[PDB]
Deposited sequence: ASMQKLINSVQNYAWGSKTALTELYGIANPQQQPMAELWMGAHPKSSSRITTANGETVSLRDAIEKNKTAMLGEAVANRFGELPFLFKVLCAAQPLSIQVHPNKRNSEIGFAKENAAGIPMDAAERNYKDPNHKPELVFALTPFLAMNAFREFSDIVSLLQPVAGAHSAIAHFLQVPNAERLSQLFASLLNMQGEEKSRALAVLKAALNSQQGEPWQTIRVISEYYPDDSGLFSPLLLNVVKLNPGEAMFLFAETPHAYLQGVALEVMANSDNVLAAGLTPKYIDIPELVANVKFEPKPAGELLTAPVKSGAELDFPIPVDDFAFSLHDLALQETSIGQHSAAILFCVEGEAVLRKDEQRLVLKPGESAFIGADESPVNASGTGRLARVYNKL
């Protein structure tokens, strides 16, 4: 078949929602497991599957047998595999603060460690650009605030730690870096003092980001990352809005449901909201202490005909939304594509073949089968490559 309806895996990670995939899309969950991520892709730990005679096969294996035809020549020669993983993320609790090192440092790091597996910081030599697209209202942290915004926010907690007073005396990148590292390094009486000053300020300071710190504290009451919302932008994405997660930039997913597209990597440097050991020097060497103003956080999409593209400054993946109507629209690309029904209902057509996708269902389109025609109602999301 030209168009392959996908059988996708659900990761039942303990932080997942017991209800989100079921309320949104009707996915069955009779035993009320946590359903943390719905995977659409070719990840070796749990590849999506396709149906051929009626047998299913791994999308990863099917791609391995026919790379050029499935991926297109450009992706096949550049990546040698499907270069992205596409997920529905439904976090019932707030998740960890993370940083992804850039390509060059990821390669330096991976080969620094390879001499000594797999506590290693670099699981591979790849960067991990990501884009998050809100399906429900989505609370996140992303990137450093403007310095004068941090100054504002730290006044009420100046007493918490001498690193805060040091930053406020001279609020620059160097002292922000020292602060970030000193916060995450706090121990014993020092951390306890700091958290008790923060606790108190939560009683006297109303609104954001204090509210977000209260929300985090439910799940991470003894964590030095409780200070992070004072340093990092707290953003509430409305459904339909998106943000790109740059290298060397701390971020966290705190509440709600999103689509996420990522490059293939597992280099995650944790930066708080975790019980795991944090290598602070490595972390700091891979963080860009440069403010990102609020106005610059969301990705500005561009609408052309029925297509809303989200420009991504990397080659690893591209992402677009397609409005559906009665009249067919042609969806084409030089690469493999995964098409996901966000809402409404999509009828995909390739020559004689027709494939219906309801909300939350997806299809794989191999490079050789582009373009396909889409009609119906609502919207389809596409992950593809523009190379």
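Residues of the deposited sequence lacking C-alpha coordinates, numbered from 1, fall in the stretches 53, 118-119, 122-124.
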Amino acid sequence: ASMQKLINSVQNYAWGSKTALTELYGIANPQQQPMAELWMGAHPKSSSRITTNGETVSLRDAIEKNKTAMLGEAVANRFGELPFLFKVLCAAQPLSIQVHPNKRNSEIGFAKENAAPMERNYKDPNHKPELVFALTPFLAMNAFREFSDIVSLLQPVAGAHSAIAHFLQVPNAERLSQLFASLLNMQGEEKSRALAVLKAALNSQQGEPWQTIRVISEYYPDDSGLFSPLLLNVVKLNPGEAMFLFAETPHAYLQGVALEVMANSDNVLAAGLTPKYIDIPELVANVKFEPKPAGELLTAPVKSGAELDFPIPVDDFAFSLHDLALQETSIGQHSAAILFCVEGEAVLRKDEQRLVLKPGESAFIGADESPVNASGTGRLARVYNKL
From here on, numbers count along this sequence of modelled residues.
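For the pair 225-233 and 96-104, the mean Cα B-factor is higher in 96-104. The question of which stretch, 142-150 or 254-262, has the higher mean Cα B factor is settled in favour of 142-150. Residues shown: 122, 310, 84, 210. Highest C-alpha temperature factor in the entry: 122.
The PDB entry gives the largest Cα B-factor of the residues 333, 47, 362, 56 to 56. In this PDB entry, residue 64 carries a Cα temperature factor that places it within the highest third of its chain's modelled residues. Sort the modelled residues of the chain by CA B factor and residue 347 lands in the highest third. The PDB entry assigns residue 171 a C-alpha temperature factor belonging to the highest third of its chain's modelled residues. For residue 277, the recorded CA B-factor ranks within the highest third of the chain. Only modelled residues enter the ranking. Per the PDB record, residue ranking by Cα B-factor puts residue 30 in the highest third of the chain.
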